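Here's the structure, in structure tokens; my notes come after.
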Ligand SMILES: COc1cc2ncnc(Oc3ccc(NC(=O)Cn4cc(C(C)C)nn4)cc3)c2cc1OC
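Residue numbers (the numbering used here): 285 to 589.
Written as structure tokens, this is what we have:
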């Protein structure tokens with residue numbers, strides 16, 4: 285349903301937020317045409333209550349084309365609706381006389397890739413008593429829990445007849461109480477400056493996260509998102525490392541992938557988590573597990589840990 289966003293409704297009576305009730309703060313991230321800014325919203329969700337929020341909007345360089353694209357994003361977010369494991373829509377500023385602003389929940393710890401890399405040194409597979417009891421270290425339980433939460437958010441997205449198309453640790457945010465949320469920075473990330481995006485024809489694509497049918501046939505489905513989820517699991521159990529270490533991402537890489545060549549196990553995985561990665565990387569899309577099947581499997585592993 286996310287391929288024909290323009291026909292979806294925008295109910296202003298429900299979502300419109302007055303610009304004079306939003307106090308803009310410091311930028312969080314910038315792209316070539318879009319940006320994310322921290323802000324304080326007065327009464328966006330609870331009467332007369334100040335709340336820190338994140339705002340996606342355009343910047344110098346954007347044109348009417350990017351303005352149309354951001355309005356389509358707002359319409360699809362309303363259709364999708366809310367879930368604990370997605371970055372949720374709170375309101376929007378669309379009235380003439382100012383910029384289009386899409387207001388979402390603030391996630392204080394930022395992206396999961398940087399977070400896990402920053403905490404790599406503190407990791408312990410299992411917390412052993414007594415010295416570790418009052419220390420806030422990352423454990424195998426935390427990593428399986430983040431994996432389970434992302435599968436729940438993706439199962440929810442699939443139920444709304446939508447697909448992600450850029451699933452990766454850089455597009456997962458961490459909030460309070462160990463809650464992780466799927467997001468899409470889109471225009472607010474500078475893909476022409478980012479090493480995770482490689483030139484392929486004319487566009488800059490996230491080659492290291494793409495299923496072979498996406499690379500070779502330009503096919504995007506919920507099952508190509510399952511392949512990307514497999515790459516995301518490798519990022520989690522490597523504690524924020526970059527995929528395919530030391531491999532040149534060229535014509536040769538794509539051919540080896542198409543023939544069945546795969547990544548080796550990351551340094552902090554369990555045998556069952558590595559087998560889950562291999563299952564998400566089946567060459568045949570219909571033979572990869574579904575997000576509903578991954579939710580069941582990871583829920584059972586989390587309880588077993
Ligand atoms: C402490 O640092 C940050 C905190 C942040 N907190 C919150 N948002 C941040 O950036 C944003 C990222 C994305 C979006 N927009 C979307 O995700 C739209 N969307 C949602 C969906 C669902 C899958 C259904 N698909 N698309 C809006 C803001 C933060 C950035 C930070 O630093 C760089």
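The beta-carbon is built from N, C-alpha and C at its ideal position, and this holds for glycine as well.
message: Between residue 355 and residue 383, how many whole angstroms is the CB-CB distance? I'm expecting something under 8 Å.
response: With a Cβ gap of about 12 Å, residue 355 and residue 383 do not count as contacting.
- request: Would you check if the region 556 to 565 and the region 508 to 521 touch, i.e. whether three or more CB-CB distances between them fall below 8 Å?
  value: yes
- prompt: By how many angstroms is the C-alpha of residue 540 removed from the C-alpha of residue 531?
  reply: 11 Å
- prompt: So does residue 390 have its beta carbon nearer than 7 Å to some heavy atom of ligand 1?
  reply: yes
DSSP-derived helix/strand/coil call for residue 494: coil
- prompt: CA-CA distance, residue 554 and residue 424?
  reply: 9 Å
Alpha carbon of residue 297 to alpha carbon of residue 337, nearest angstrom: 21 Å
message: Closest to residue 372 by C-alpha separation, out of 357, 302 and 381, would be which residue?
response: 357
message: Going residue by residue through the region 464 to 494, where are the continuous alpha helix (DSSP H) segments of at least 4 residues, counting only ones entirely within it?
response: none
query: Along the chain, which unbroken stretches of the beta strand (DSSP E) at least 3 residues long are found entirely within the region 415 to 466?
result: 456 to 458 and 464 to 466
task: State the CB to CB distance for the pair residue 309 and residue 324, rounded to an integer number of angstroms; the pair is presumed to be in contact (CB under 8 Å).
output: 7 Å
Residue 517 - partner residues in DSSP beta bridges: In the DSSP output, where bridge partners are listed per residue, residue 517 has none listed.
- request: Compute the distance between the beta-carbons of residue 457 and residue 318, then report whether it is under 8 Å.
  value: no
task: Report yes if the C-beta distance between residue 399 and residue 393 is below 8 Å; otherwise report no.
output: yes
query: Between residue 490 and residue 480, which are expected to be in contact by the criterion C-beta below 8 Å, what is the C-beta distance as a whole number of angstroms?
result: 6 Å
- request: Kindly indicate which residue of 523, 581 and 492 has the alpha-carbon position closest to the one of residue 508.
  value: 492
- prompt: From this set, 476, 475 and 448, which residue's C-alpha is nearest residue 468's C-alpha?
  reply: 448
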